[PDB]
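Heads up: the sequence shown is residues 46 to 210, 225 to 375, 381 to 400, going by the authors' numbering.
Virtual Cβ for every residue (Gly too), placed ideally from N, Cα, C.
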Amino acid sequence: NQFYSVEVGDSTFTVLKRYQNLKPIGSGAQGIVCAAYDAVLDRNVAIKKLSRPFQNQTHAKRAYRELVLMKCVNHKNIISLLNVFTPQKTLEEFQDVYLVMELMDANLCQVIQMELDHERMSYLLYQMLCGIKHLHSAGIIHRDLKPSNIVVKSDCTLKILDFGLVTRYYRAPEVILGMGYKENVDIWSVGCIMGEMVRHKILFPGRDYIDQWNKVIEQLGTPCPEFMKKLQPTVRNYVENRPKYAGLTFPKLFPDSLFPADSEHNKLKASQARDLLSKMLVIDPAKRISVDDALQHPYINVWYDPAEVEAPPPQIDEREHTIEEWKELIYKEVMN
Ligand SMILES: CCNC(=O)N1CCC(Nc2ncc(I)c(-c3c[nH]c4ccccc34)n2)CC1
Ligand SMILES: [Cl-]
Numbered sequence: 046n047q048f049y050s051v052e053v054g055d056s057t058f059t060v061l062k063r064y065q066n067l068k069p070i071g072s073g074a075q076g077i078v079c080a081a082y083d084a085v086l087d088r089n090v091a092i093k094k095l096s097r098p099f100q101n102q103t104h105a106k107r108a109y110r111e112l113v114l115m116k117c118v119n120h121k122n123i124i125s126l127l128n129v130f131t132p133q134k135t136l137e138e139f140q141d142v143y144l145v146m147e148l149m150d151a152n153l154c155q156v157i158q159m160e161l162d163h164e165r166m167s168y169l170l171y172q173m174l175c176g177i178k179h180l181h182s183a184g185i186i187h188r189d190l191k192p193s194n195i196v197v198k199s200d201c202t203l204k205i206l207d208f209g210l225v226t227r228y229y230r231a232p233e234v235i236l237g238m239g240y241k242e243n244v245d246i247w248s249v250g251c252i253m254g255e256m257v258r259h260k261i262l263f264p265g266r267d268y269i270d271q272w273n274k275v276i277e278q279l280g281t282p283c284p285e286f287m288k289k290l291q292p293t294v295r296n297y298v299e300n301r302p303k304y305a306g307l308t309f310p311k312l313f314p315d316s317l318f319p320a321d322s323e324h325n326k327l328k329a330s331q332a333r334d335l336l337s338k339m340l341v342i343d344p345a346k347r348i349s350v351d352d353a354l355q356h357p358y359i360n361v362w363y364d365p366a367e368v369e370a371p372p373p374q375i381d382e383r384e385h386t387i388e389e390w391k392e393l394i395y396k397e398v399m400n
């Protein structure tokens with residue numbers, strides 16, 4: 046047989062024999078993931094077993110979308126698909142899908158805990174922006190960027206793991236309040252991640268959206284009439300009846316005490332970093348900085364290389385299907 050089975054991290058992995066010494070490296074709702082040695086390629090890989098891809102239409106659509114996009118997209122800051130397989134021989138027996146990807150060293154949740162380094166932080170932010178720019182050019186607007194679905198190598202090279210559309228702390232006001240969104244909906248999420256790299260605290264924590272919104276207005280201030288008028292009347296009423304906050308200024312939100320101190324370079328960078336935060340963490344998306352403009356910001360633009368930023372977009381998600389239909393769709397996709 047060309048497969049073998051091993052129990053790993055309380056799941057059964059049935060994989061190609063090329064893949065050896067499977068070790069659990071974590072899990073998500075999307076599936077459980079192992080590190081493995083690929084004997085054919087002489088390199089370590091990550092293997093994801095999709096957890097109950099057919100349990101419902103939501104799972105199926107996500108699995109199909111992930112598979113097709115990860116195949117189509119080829120960018121250095123988006124995780125790339127190395128191989129895909131199922132151990133089952135027929136569509137009727139078809140049950141499991143295995144994704145093989147490059148093995149990364151850590152997700153951002155770990156890196157975020159490290160002591161702030163301007164070189165590191167600006168480089169990570171630059172790469173996130175490059176990945177997001179590339180997704181957007183393909184019509185992919187993520188809406189759920191968060192530290193746990195962003196991964197990095199020991200050398201600080203960074204890749205986004207998924208394609209978006225449970226932790227809700229990184230979601231934009233227009234998403235929370237149901238206003239509709241544009242491309243810079245993803246910039247708010249970057250801003251939350253950056254704010255967290257600085258404070259080592261979740262910016263907008265909260266048991267629920269009510270709690271979350273309170274943290275937003277307490278720190279950033281009650282939004283302007285311009286913004287209010289763009290809300291549904293019914294939503295408008297709740298938001299307007301909250302206590303009015305003047306925002307904390309960004310110097311108070313992100314004081315000098317949180318940044319490397321006592322050199323000229325360090326003074327320079329703290330102010331630049333705060334300026335960028337001030338442009339990303341903007342409640343009204345009409346006033347929030349774009350991806351392209353963020354890449355031009357002095358804090359970010361030191362890393363700018365046209366060959367990384369200006370890559371051609373891929374040339375390829382509203383249709384519904386039965387679970388049986390999605391299954392055949394996924395199967396043919398697996399069989400290439
Ligand atoms: C908080 C620190 N994180 C950490 O130490 N690790 C996570 C990432 C991991 N590397 C990897 N490399 C490739 C992939 I694809 C995935 C991965 C994809 N989906 C996941 C879901 C949960 C955990 C890991 C993954 N993960 C190494 C171990
Ligand atoms: Cl809620």
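Collapsed DSSP secondary structure at residue i in the structure displayed
i: residue 197; result: strand
i: residue 253; result: helix
i: residue 228; result: coil
i: residue 145; result: strand
i: residue 325; result: helix
i: residue 281; result: coil
i: residue 383; result: coil
i: residue 309; result: helix
i: residue 273; result: helix
i: residue 76; result: strand
i: residue 205; result: strand
i: residue 50; result: strand
i: residue 62; result: coil
i: residue 56; result: strand
i: residue 69; result: strand
i: residue 129; result: strand
i: residue 245; result: helix
Beta-carbon contacts of residue i that lie in its chain and below 6 Å, excluding the five residues immediately before and after
i: residue 151; result: 197
i: residue 232; result: 342
i: residue 268; result: 235
i: residue 207; result: 194
Supposed close pair residue i, residue j - CB separation, criterion 8 Å
i: residue 246; j: residue 176; result: That pair is no contact at about 13 Å.
i: residue 393; j: residue 82; result: Wrong, their Cβ atoms sit about 32 Å apart, outside the cutoff.
i: residue 395; j: residue 95; result: Contact doesn't hold; Cβ gap of about 12 Å is too wide.
i: residue 319; j: residue 163; result: 7 Å
i: residue 256; j: residue 161; result: 7 Å
i: residue 127; j: residue 147; result: 6 Å
i: residue 93; j: residue 144; result: 4 Å
Same chain only: Cβ atoms within 7 Å of residue i, ignoring 5 sequence neighbours per side
i: residue 357; result: 331
i: residue 61; result: 47, 48, 130
i: residue 199; result: 150
i: residue 312; result: 278
i: residue 201; result: 165, 168, 169
i: residue 289; result: 238
i: residue 57; result: 50
i: residue 241; result: 344
i: residue 99; result: 105, 387, 391
i: residue 65; result: 81, 82, 84
i: residue 304; result: 276, 277, 280, 281
Burial state of residue i, where buried means 16 or more other Cβ atoms lie within 10 Å
i: residue 120; result: buried
i: residue 355; result: exposed
i: residue 159; result: exposed
i: residue 244; result: buried
i: residue 374; result: exposed
i: residue 210; result: exposed
i: residue 250; result: buried
i: residue 383; result: exposed
i: residue 254; result: buried
i: residue 338; result: buried
Same chain only: Cβ atoms within 8 Å of residue i, ignoring 5 sequence neighbours per side
i: residue 359; result: 167, 170, 171, 174, 335, 353
i: residue 228; result: 191, 251, 261, 262, 263, 264, 265, 271
i: residue 258; result: 313, 317
i: residue 237; result: 291, 294
i: residue 349; result: 242, 243, 246
Closer than 5 Å between the C-beta and any heavy atom of ligand 2: which residues qualify, listed along the chain? 267, 268
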